[PDB]
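Novice: Here it is, the structure, as structure tokens.
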Amino acid sequence: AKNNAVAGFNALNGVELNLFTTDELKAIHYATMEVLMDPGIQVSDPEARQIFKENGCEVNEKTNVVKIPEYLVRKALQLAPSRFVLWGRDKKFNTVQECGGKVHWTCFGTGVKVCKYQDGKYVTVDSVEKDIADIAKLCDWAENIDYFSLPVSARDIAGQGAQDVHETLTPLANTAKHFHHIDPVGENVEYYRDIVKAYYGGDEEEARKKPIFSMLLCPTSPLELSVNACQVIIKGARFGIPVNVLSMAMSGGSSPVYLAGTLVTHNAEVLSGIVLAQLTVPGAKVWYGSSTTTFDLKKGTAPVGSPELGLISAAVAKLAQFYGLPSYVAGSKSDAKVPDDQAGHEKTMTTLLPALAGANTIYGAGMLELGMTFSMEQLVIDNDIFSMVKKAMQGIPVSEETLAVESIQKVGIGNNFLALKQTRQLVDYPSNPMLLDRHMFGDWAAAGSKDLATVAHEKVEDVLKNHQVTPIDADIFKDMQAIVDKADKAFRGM
Amino acid sequence: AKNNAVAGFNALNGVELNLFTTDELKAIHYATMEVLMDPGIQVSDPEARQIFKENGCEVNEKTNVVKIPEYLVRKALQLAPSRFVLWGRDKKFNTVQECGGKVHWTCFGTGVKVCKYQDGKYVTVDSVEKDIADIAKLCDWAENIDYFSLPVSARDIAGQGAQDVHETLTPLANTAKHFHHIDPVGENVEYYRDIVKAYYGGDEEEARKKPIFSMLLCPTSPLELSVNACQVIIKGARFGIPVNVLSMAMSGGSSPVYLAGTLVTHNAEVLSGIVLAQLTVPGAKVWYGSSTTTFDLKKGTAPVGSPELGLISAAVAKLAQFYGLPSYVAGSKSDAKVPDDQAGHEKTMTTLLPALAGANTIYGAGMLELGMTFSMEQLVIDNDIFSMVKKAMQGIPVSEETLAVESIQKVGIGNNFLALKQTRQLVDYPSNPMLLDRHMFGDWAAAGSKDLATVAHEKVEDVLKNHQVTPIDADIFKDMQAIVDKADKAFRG
Amino acid sequence: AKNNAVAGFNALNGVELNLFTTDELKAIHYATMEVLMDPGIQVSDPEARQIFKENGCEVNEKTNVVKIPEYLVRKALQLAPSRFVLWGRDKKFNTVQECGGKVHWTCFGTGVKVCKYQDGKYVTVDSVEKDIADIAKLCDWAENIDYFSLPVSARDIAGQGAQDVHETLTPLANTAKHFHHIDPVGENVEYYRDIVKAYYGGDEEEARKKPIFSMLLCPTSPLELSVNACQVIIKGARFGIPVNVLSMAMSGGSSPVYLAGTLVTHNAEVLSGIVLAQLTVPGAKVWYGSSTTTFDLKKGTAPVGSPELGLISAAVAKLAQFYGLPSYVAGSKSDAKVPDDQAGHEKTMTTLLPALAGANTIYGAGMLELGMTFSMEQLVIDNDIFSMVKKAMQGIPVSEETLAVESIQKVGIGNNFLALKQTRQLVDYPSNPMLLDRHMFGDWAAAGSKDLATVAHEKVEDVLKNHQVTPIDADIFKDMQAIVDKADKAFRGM
Amino acid sequence: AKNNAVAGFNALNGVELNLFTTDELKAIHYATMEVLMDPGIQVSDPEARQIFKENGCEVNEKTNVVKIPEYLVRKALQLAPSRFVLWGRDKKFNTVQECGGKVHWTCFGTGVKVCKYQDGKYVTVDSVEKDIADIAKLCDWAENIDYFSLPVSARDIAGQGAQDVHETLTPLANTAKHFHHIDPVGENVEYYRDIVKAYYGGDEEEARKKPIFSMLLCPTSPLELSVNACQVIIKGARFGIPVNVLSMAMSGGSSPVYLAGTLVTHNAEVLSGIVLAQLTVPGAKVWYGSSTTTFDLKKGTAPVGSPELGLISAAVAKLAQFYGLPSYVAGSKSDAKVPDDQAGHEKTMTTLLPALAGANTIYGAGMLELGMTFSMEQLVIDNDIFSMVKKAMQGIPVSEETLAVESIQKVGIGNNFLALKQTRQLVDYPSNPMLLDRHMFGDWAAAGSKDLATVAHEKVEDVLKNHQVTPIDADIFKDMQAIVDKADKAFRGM
Ligand code: NA
Ligand code: NA
Ligand code: NA
Ligand code: NA
């Protein structure tokens, strides 16, 4: 009968996107190891500078300049786990972060304005702790949004209390998907530790095992570690909070105009963060990350929706895969000041590259205005664009079955597979976009001839008006909120 | 001193995107052959059937089903030139089509409706012959549209005259660039040949030694070769005109719901058309094309701005590089009825994949509404998109200079490169979009707060109102004009 | 949430076995190419010598020695179909023979003796057409036997008529699988053509489009094309019958002691056949075959159960894949004069190697005594072996599901997977040997303490007295049976 | 003239068997570093448990559940040697165990029954310390048996004396080949260390330098480390006694039905044991071993003669080579009760797969009845198979001399090589089995139509009587024999 015995067969599952060779990967490494020694990094916080020294570095106390020897970069890289798991309040939302090409998406972070609908026209308005609750609710419904990252700032809590300890409980409550705090504060890290230890009722061990709060720090480009960042890392490590050491460098700005040199300036900064982490607590969960892009040597902005942002995040991932770490990179971002043709493009352009390259986590969903405004319409739109990607990422499955030769034959010359059994079993196999319109001119017209913004906007309302977000336990919540009030109290007592 | 010597070094220039492995490529191939022997392929054209029979196929004269032996696919593929040049009336538009990754873009083709303006809004009219004379004018200006493919059908010529011969002189007339005729007629291929022999002054050599015109054809899925097709090929071969054998299958409709299967069906049809071409005139200029997409088993239509399409065009571009022929795949399309947020995503998703796979020619620029409308506005957007795509395909160039180690050092800790000499030199290195906005909310708002559609629209006007298209010779034009006239004459006959 | 998106992942399905680098392959080819020009092969038949001569072959008529130019070796290898399919009378037995590693099995062909059981022990007596009938029925049951190949000879028809023609109708009659004739006779090739054509109701189109018969010739080692072999090709190619150009060299005998060298001699012999096949009729179905083995300079016999046999088939298989042709090779062959311990080892040693190598068709199933005797018992035992192989060929399927991390987890430390949901969905996943006894000592002895030999013998009997075979149509059989007679009478007429 | 200058050339020496890609290794790895953290590994022994905690391991003191951080796996591995040597009392038996594909064989261990010749038939009688004596004498002779591994138990010592110590000196005196103790005891490791120090005469460095004693232990599936096992690792590690950290999972019982998943469990277990040994003593010679098999939920037992076992070992050998350590896998085992066809087959299946993948040590020779009985006949047989296995691993040597185009010509069309020089010189080159019969039928019948089993029985007999085992210096044996006494004496003091 038909064969069912085959010899070794080499296959390709999904889509492979190559940006470097080892000889090239290594060069980028060497150049960074050089830069790490001259000039080195400016580590402002003294405690961190202390840890660096103890472990073998060369710290210049008058200029706060540390020189990291490759052997530490090496050692650091051996301590770090190649994988850890982000937890949610609903285990179903858990998300894994592991050295590989297993792609996950998260929303933008962190904007200051919100693109809400006013009198017929969408209006850019200043964000507030409440806007955060709405986004959080929305992203709790968006499937492709694995976990939540602080979308906008609680500006209205500015000089009022612990805005940062605020941007913690709000998210944890308006969603059950893991929370990634983009704006942490080195001195208030204990507050996050507490708020979580609170969720798991006074039990710390549990909050270390099932962490629901992770944070992001930023090496100040070029070649500097802010005191805020040093404490975020150190506290992040010791307590058990995953730490994303993401970078924001700009070709022609804080790093070379060339993409390659830029990567170096980035690698150096991010690697010094990761090093500082493992020297504090070996096995500290870390993220080799980046949001680096290029400086528009003209317009006067940080274009975050251009191929460069895409290529770099793409590359950053490949570098993370090379170092054995999980990647969190900029992706699905746009410089469009509105959800129009451009927006859709730049979003698709900056996400597909990093995804095919295997970015363990791409952030930018729902963002607009080069990271200034956050649009909920743009989000659900992006959240759909990802589904398309996840299909494309399916690439081409070549098997005797998928080849379907008999199938081709049964149908014969000049017929259709419509009736056929197989065709019916694969009704869902094809990509079925939630918001994209695949209708005739009639169907569409006889439905309002609405553009995607509108189609999406109508979706924004619906979700908000009915999505069901698993709420935090009655008492537990008041325990957590306790730490927030204590944080505001502490704060006002200048 | 500084080093200036290096041993063996393996580099990666560009962005390498992979879909298959050899073992898998072979697999696809066998299915394609295993199918080429059963059921086979229906060849309605009796002259074709003879050509096939003449070489060793099993031409069942009563059903027309030809059966092609792998060895004939082997000789076919060893005859078809791996590369051939396209010529625009303007030498500076020449476009090399060669088995490999050298990618090029060409506008969409060929719809029946145009998305133009009216009263503050865009409206869907029905294509005409004055439209083609404009689409051609724009594409002549569009710097990422290497050559011209028929945009929309000159409807005001149906039953009036030879719509095709009209659809030939009009384009060639309104664009120095090359012309790829989407809907040519097998019985009039000689008309075209002559319209060209004219431009060159009755010199059928300069007409061969400089194809300023090429054509397309689509085997009828699944596994059929329409009569018009076989003649477009046979004549195209005989006259020495570049023929593009593009498939039109639809997973879940005319081909297996699966892609691998769909590729087999596509491979089957496209190849046969290639074998038929070669057996006609060894060395005939052919293409391994495809517009194959998936039938939306949930909307009762053919989504062509979907990731499904993207993957198919990209896969075809590989099967193309595999056998050894130039590719022409369906990319940069969208099922969006309006140049909105969707247009971007869809256009980008579908153009990217083939662009990165190495499609030798990607077409669909300007399209909209699954392929019924041609927005002059989207065309320009897509053209600015292609530009961005290009910077992308440059990936990361890792060299001792691009790594800029010394640069990082002269600037050092906490400073900028704005000053740096090297940086002042690379001012035109970073991607610079023509339409895409990258300003602040302020700057942009004080512009009118124009969305890309509106902005892309004002660009069209500017182009149509001021683009100087290199005009055909005065007489030369009147000569060709006649070929169209005589053609229309015979028509009314 | 749970990951459902991954990029470029290279995987290995099944088990891969390598024998050569492309350089060694090419090298072997180069020897072969030169050996064809010097000394060249001896084409005993004039018709073929002519055919060769016409396409540009230096043909010395005084010695019949033909020299083949590389470009012809090339032309032919490009003319031979990469794939063709064997047809059984039951479309549910059809077997695909196509370049690659799609492994298939067939019984041995063809011994002169039959090893049966008489007075308690095993008795090796001479075969008779009846035996052929019994083997045919037996194999029509065995799953792993894709198709049937003339197992033994009708030594009783010897002298009474044309045995080879009887050797055609009997097999085609006792089994509805495909029939591969190991002993065709060049002059009678037409008799086969008709029995088949007869079967199809005279329609030759159907006989050519659905070959129910195929045959194998043999280059005469070292470097000779016997007329018998020449006619089989020329006539096979013309009629439309799959021809198997299989070599039978012997290291230390008709080829060097080394194996690399024996492969050259073989390669030279086999290709010369294909050159003929294609030059006769372009596109003729062909098989790159071998059963070459090493000679045991010590024992004076050419062992066909030695590792060298296995090594050689494996190599030939690869050589076929190199030239783009389907392969037919030895394997699953033993030298032991009875189904004992030796038997099982040699069977495996020679079937395992060629199999993991991708041989398109392994033949030798149910054979004993250096290819002299056919063992009804060893055929079922072997058949089951082919199963344990098909399983082994699955190797390790590594996917998110196979890794089944959750599975290991839900079960947890110090527990059993016994009553776990997934375990019960894979109840039939493991290898389930039909003969090989996998019972405790107890359960076995309480079943007669039967060794594999006897246990087999019993399932042999059951299969014969109980297996049904799709009979050929009454009307048709007499038509074919008539072709047999028109040949027997004509044989006697001398 | 004749060339003797050739540019770069890629060659494949032997046969290569693949199973995973790197992406797939990384995959299997992560799942092990995922499991190694959750659930974790239960360490029964507190002394070892302390060692884990000491080195940053999170111990759940109450449940005894140790969570091993990936970095401890990485560090453990960096410490472990990539090679070490096994010594025999006879310098000529020294066996190297090194990361790579250098294959070696050792007898099965450790059954409790000896298949011996009763009244004309084979009987399964319970073993005794004496059995070990002879089995040791047998193996000593078997050239394809690198070193000896306690095959049967000194059953007649249970509840009478220090059995395991009897299972030490006994093997050691009845063979000069290295002895691997399959079942050592955590509280007697010191007796062994002393006994060895005795052979060398006080010099412990000699005992460290030339270990003539190694020992194995088995983690408890799934995810457990019995008290005894832990002590084995620790003591062996501290004394400089190699230690085989061999796992014994069962697909469908203690590990996922799938093999990928099972391997993951195998990995977690076998690694933890490696991590322990290392943390206890950096540089402790160890083994990444396994005998994990499948479990026919049907037959009611775990068959160690199935293709599953075959694949598993192979898979484990690769993993072993992946991590840089030596392998000790199960192979050359059978489920058959009597040495019949099944034996010879199942043995070649389980032994060939690992030999090819390149197991650094394969063990299962001389075994039958799913690991219950130890056949002395099957032993001499398996050993002779390994010879055929060894030839097979020679694959095809492609070279100017091996291709031998001159030789092919020197002989020419239709003439043999038997008379040729190159042939008479290579008379020893082909595989020459000791028991596999390659005689024609006639010669065989004369020999008395003896199967392989009995011809094997006659060989065992011939060996047990006449093979001489090197005498341990009489005096030294006294010293050694003495320490075994102190082992018994002490034993009765409880
Ligand atoms: Na694939
Ligand atoms: Na590059
Ligand atoms: Na696999
Ligand atoms: Na070799």
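Residues are referred to by chain and number: the chain letter is A, B, ... according to the order shown in the structure tokens, the number counts from 1 in that chain, and ligands are numbered separately from 1 in the order shown.
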Give the residues of chain D that lie within 8 Å of chain A; count only C-alpha atoms, and format the answer as a PDB file with N, CA and C atoms, in the first residue's frame.
Specialist:
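For reference, selection.pdb as written:
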ATOM      1  N   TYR D  30      15.793  23.076  27.295  1.00  0.00           N
ATOM      2  CA  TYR D  30      14.927  24.011  28.001  1.00  0.00           C
ATOM      3  C   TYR D  30      13.855  23.306  28.828  1.00  0.00           C
ATOM      4  N   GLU D  34      13.220  23.639  32.706  1.00  0.00           N
ATOM      5  CA  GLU D  34      11.901  24.150  33.063  1.00  0.00           C
ATOM      6  C   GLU D  34      11.440  23.229  34.168  1.00  0.00           C
ATOM      7  N   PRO D  69      18.789  25.433  39.690  1.00  0.00           N
ATOM      8  CA  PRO D  69      18.898  26.558  38.763  1.00  0.00           C
ATOM      9  C   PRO D  69      19.719  26.184  37.541  1.00  0.00           C
ATOM     10  N   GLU D  70      19.260  26.627  36.387  1.00  0.00           N
ATOM     11  CA  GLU D  70      19.945  26.332  35.149  1.00  0.00           C
ATOM     12  C   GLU D  70      21.454  26.550  35.277  1.00  0.00           C
ATOM     13  N   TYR D  71      21.856  27.650  35.901  1.00  0.00           N
ATOM     14  CA  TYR D  71      23.279  27.944  36.019  1.00  0.00           C
ATOM     15  C   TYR D  71      24.072  26.886  36.780  1.00  0.00           C
ATOM     16  N   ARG D  74      24.749  24.334  34.123  1.00  0.00           N
ATOM     17  CA  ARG D  74      25.857  24.852  33.317  1.00  0.00           C
ATOM     18  C   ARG D  74      27.217  24.724  34.028  1.00  0.00           C
TER      19      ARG D  74
END
Novice: With only C-alpha atoms and all ligand atoms counted, collect every polymer residue having an atom within 6 Å of ligand 4; state the result as a ChimeraX atom specification.
Specialist: /C:19-20 /D:12-14,395-398
Novice: Output N, CA, C and O atoms for every residue in that selection, as a compact mmCIF listing (two decimals), in the first residue's frame.
Specialist:
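Output contents, as saved in selection_38.txt:
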# COMPACT_ATOMS: atom_id res chain seq x y z
N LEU C 19 26.65 8.03 4.58
CA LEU C 19 27.79 7.20 4.23
C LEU C 19 28.85 7.98 3.48
O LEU C 19 30.03 7.65 3.57
N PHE C 20 28.44 9.03 2.77
CA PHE C 20 29.38 9.82 1.98
C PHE C 20 29.21 11.34 2.04
O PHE C 20 28.14 11.85 2.39
N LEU D 12 33.82 11.30 4.99
CA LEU D 12 33.06 10.77 6.10
C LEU D 12 33.60 9.37 6.39
O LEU D 12 33.48 8.40 5.58
N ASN D 13 34.22 9.29 7.57
CA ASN D 13 34.80 8.06 8.05
C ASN D 13 33.76 7.35 8.89
O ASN D 13 33.37 7.83 9.95
N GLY D 14 33.31 6.21 8.39
CA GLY D 14 32.33 5.43 9.10
C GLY D 14 30.91 5.78 8.73
O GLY D 14 30.63 6.30 7.66
N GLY D 395 31.82 1.68 7.82
CA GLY D 395 31.13 2.31 6.71
C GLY D 395 31.89 2.08 5.42
O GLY D 395 32.46 1.00 5.22
N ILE D 396 31.90 3.07 4.54
CA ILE D 396 32.64 2.93 3.31
C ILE D 396 33.78 3.93 3.28
O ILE D 396 33.59 5.17 3.40
N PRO D 397 35.01 3.40 3.19
CA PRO D 397 36.24 4.18 3.13
C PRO D 397 36.48 4.54 1.68
O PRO D 397 36.88 3.69 0.88
N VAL D 398 36.19 5.78 1.32
CA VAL D 398 36.38 6.22 -0.05
C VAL D 398 37.75 6.86 -0.16
O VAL D 398 38.03 7.83 0.55
Novice: Provide as a PyMOL selection string the residues of chain B at most 10 Å from chain C, counting only C-alpha atoms.
Specialist: chain B and resi 17-21+23+26-27+30-31+33-34+37-38+56+69-72+74-75
Novice: Find, counting only C-alpha atoms and all ligand atoms, the residue in B:22, B:313, B:220, B:449 that gets nearest to ligand 1.
Specialist: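 Closest candidate: B:22.
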Novice: Would you list the contacts of segment 220-225 of chain D as a list in words, taking every protein, DNA or RNA residue within 6 Å and counting only C-alpha atoms, but skipping same-chain residues closer than 4 positions in sequence?
Specialist: residues 413 and 414 of chain C; 41, 42, 43, 249, 254 and 269 of chain D
Novice: Extract, using only C-alpha atoms, all DNA, RNA and protein residues at most 8 Å from residue 101 of chain A, discarding same-chain residues fewer than 4 positions from it, and format them as number ranges by chain.
Specialist: A: 355, 357-360; C: 6-8
Novice: Using the chain letters and numbers from this document, which residues of segment 216-358 of chain A does DSSP assign to helix (DSSP H, G or I), as a PyMOL selection string?
Specialist: chain A and resi 227-239+259-280+307-323+341-357
Novice: Could you list, as a PDB file with C-alpha atoms, in the first residue's frame, all residues that come within 6 Å of ligand 2? Count only C-alpha atoms and all ligand atoms.
Specialist:
ATOM      1  CA  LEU A  19      20.393  38.840   9.559  1.00  0.00           C
ATOM      2  CA  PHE A  20      23.841  37.621  10.608  1.00  0.00           C
TER       3      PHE A  20
ATOM      4  CA  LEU B  12      25.300  37.984   5.079  1.00  0.00           C
ATOM      5  CA  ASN B  13      24.271  40.895   2.882  1.00  0.00           C
ATOM      6  CA  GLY B  14      20.605  41.711   2.993  1.00  0.00           C
ATOM      7  CA  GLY B 395      19.487  44.476   6.750  1.00  0.00           C
ATOM      8  CA  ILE B 396      22.641  44.945   8.783  1.00  0.00           C
ATOM      9  CA  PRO B 397      25.930  45.450   6.905  1.00  0.00           C
ATOM     10  CA  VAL B 398      28.558  44.285   9.367  1.00  0.00           C
TER      11      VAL B 398
END
Novice: Write out as a PyMOL selection string all residues of segment 200-379 of chain D that backbone DSSP assigns to strand (DSSP E).
Specialist: chain D and resi 213-217+224-225+243-247+286-290+327-330+362-365+367-368+373-374
Novice: Output N, CA and C atoms of each residue in that selection to a file, as a CSV table (one decimal), in the first residue's frame.
Specialist:
chain,number,residue,atom,x,y,z
D,213,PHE,N,37.6,0.0,39.5
D,213,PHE,CA,36.3,-0.2,40.0
D,213,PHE,C,35.5,1.1,39.8
D,214,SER,N,34.3,1.0,39.2
D,214,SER,CA,33.4,2.1,39.0
D,214,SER,C,32.1,1.5,39.5
D,215,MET,N,31.1,2.4,39.6
D,215,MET,CA,29.8,1.9,40.1
D,215,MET,C,28.7,2.8,39.5
D,216,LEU,N,27.5,2.2,39.4
D,216,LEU,CA,26.3,2.8,38.9
D,216,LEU,C,25.2,3.0,39.9
D,217,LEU,N,24.3,3.9,39.6
D,217,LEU,CA,23.2,4.1,40.5
D,217,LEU,C,22.0,4.7,39.7
D,224,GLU,N,13.2,11.9,41.4
D,224,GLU,CA,13.6,11.5,42.8
D,224,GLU,C,15.0,11.0,42.9
D,225,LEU,N,15.6,11.2,44.0
D,225,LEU,CA,17.0,10.8,44.2
D,225,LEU,C,17.2,10.1,45.6
D,243,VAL,N,31.3,7.2,38.4
D,243,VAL,CA,29.9,7.0,38.8
D,243,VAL,C,29.0,7.1,37.6
D,244,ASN,N,28.3,6.1,37.3
D,244,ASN,CA,27.4,6.0,36.2
D,244,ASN,C,26.0,6.5,36.7
D,245,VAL,N,25.6,7.7,36.3
D,245,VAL,CA,24.3,8.3,36.7
D,245,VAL,C,23.3,7.9,35.7
D,246,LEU,N,22.9,6.6,35.7
D,246,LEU,CA,22.0,6.1,34.8
D,246,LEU,C,20.5,6.1,35.2
D,247,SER,N,19.6,6.6,34.3
D,247,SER,CA,18.2,6.7,34.6
D,247,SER,C,17.4,5.5,34.1
D,286,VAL,N,32.3,11.2,35.8
D,286,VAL,CA,30.9,10.7,35.8
D,286,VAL,C,30.4,10.2,34.4
D,287,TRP,N,29.2,9.7,34.4
D,287,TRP,CA,28.6,9.2,33.2
D,287,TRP,C,27.1,9.7,33.0
D,288,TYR,N,26.8,10.1,31.8
D,288,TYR,CA,25.5,10.6,31.5
D,288,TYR,C,24.8,9.3,30.9
D,289,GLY,N,24.4,8.5,31.8
D,289,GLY,CA,23.8,7.2,31.3
D,289,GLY,C,22.3,7.1,31.4
D,290,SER,N,21.8,6.0,30.8
D,290,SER,CA,20.4,5.7,30.7
D,290,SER,C,20.1,4.3,30.3
D,327,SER,N,28.7,8.6,27.5
D,327,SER,CA,27.5,7.9,27.6
D,327,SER,C,27.6,6.4,28.0
D,328,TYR,N,26.6,5.9,28.7
D,328,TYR,CA,26.5,4.5,29.1
D,328,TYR,C,25.0,4.2,28.9
D,329,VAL,N,24.7,3.7,27.8
D,329,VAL,CA,23.3,3.4,27.5
D,329,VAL,C,22.9,1.9,27.3
D,330,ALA,N,21.7,1.6,27.5
D,330,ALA,CA,21.2,0.2,27.4
D,330,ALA,C,21.0,-0.2,25.9
D,362,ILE,N,27.9,0.4,25.6
D,362,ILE,CA,26.6,-0.2,25.4
D,362,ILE,C,26.6,-1.5,26.3
D,363,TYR,N,25.5,-1.7,27.0
D,363,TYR,CA,25.4,-2.8,27.9
D,363,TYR,C,24.1,-3.6,27.8
D,364,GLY,N,24.2,-4.9,27.7
D,364,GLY,CA,23.0,-5.7,27.6
D,364,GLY,C,23.4,-7.1,27.0
D,365,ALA,N,24.7,-7.2,26.7
D,365,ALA,CA,25.2,-8.5,26.2
D,365,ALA,C,24.9,-9.6,27.2
D,367,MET,N,22.1,-11.1,27.9
D,367,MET,CA,20.8,-11.0,28.6
D,367,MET,C,19.7,-11.5,27.8
D,368,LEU,N,18.6,-11.9,28.6
D,368,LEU,CA,17.4,-12.4,28.0
D,368,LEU,C,16.3,-12.2,29.0
D,373,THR,N,17.2,-13.0,33.1
D,373,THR,CA,18.2,-14.0,33.0
D,373,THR,C,19.4,-13.6,32.2
D,374,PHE,N,20.5,-14.3,32.5
D,374,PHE,CA,21.8,-14.1,31.9
D,374,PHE,C,22.3,-15.3,31.2
Novice: Can you pull out the residues contacting residue 113 of chain B? Cut-off 7 Å, using only C-alpha atoms, and skip same-chain residues under 4 positions away; I want them as a PyMOL selection string.
Specialist: chain B and resi 124-127+152+372-374
Novice: Here is a test: counting only C-alpha atoms and all ligand atoms, which residue of A:163, A:231, A:394, A:431 is nearest to ligand 1?
Specialist: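 Counting only C-alpha atoms and all ligand atoms, the residue closest to ligand 1 is A:394.
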Novice: Find the residues near segment 240-252 of chain B: any atom within 8 Å, counting only C-alpha atoms, skip ones fewer than 3 places away on the same chain, and give them as a PyMOL selection string.
Specialist: (chain A and resi 416-418+423) or (chain B and resi 208+211+213-222+232-233+236-237+255-259+262+265-266+269-270+273-274+284-295+297+302+328-329)
Novice: List the neighbours of segment 50-60 of chain A out to 9 Å using only C-alpha atoms; skip same-chain residues closer than 3 positions along the sequence, and give me the result as JSON, numbers by chain.
Specialist: {"A": [43, 45, 46, 47, 63, 64, 65, 66, 67, 68, 69, 72, 275, 276, 279, 280]}
Novice: Between B:444, B:417, B:199, B:429, which residue has the minimum interatomic distance to residue 338 of chain A, considering only C-alpha atoms?
Specialist: B:444
Novice: Could I get the residues of chain D with an atom no further than 10 Å from an atom of ligand 3, each paired with its nearest atom pair and that distance in Å to one decimal, using only C-alpha atoms and all ligand atoms, sorted by chain and residue number, as a Markdown table?
Specialist:
| residue | atom | partner | partner_atom_place_in_ligand_line | distance |
| --- | --- | --- | --- | --- |
| D:18 | CA | ligand 3 | 1 (Na) | 9.1 |
| D:19 | CA | ligand 3 | 1 (Na) | 5.7 |
| D:20 | CA | ligand 3 | 1 (Na) | 5.7 |
| D:21 | CA | ligand 3 | 1 (Na) | 8.1 |
| D:24 | CA | ligand 3 | 1 (Na) | 7.9 |
| D:260 | CA | ligand 3 | 1 (Na) | 8.7 |
| D:315 | CA | ligand 3 | 1 (Na) | 9.9 |
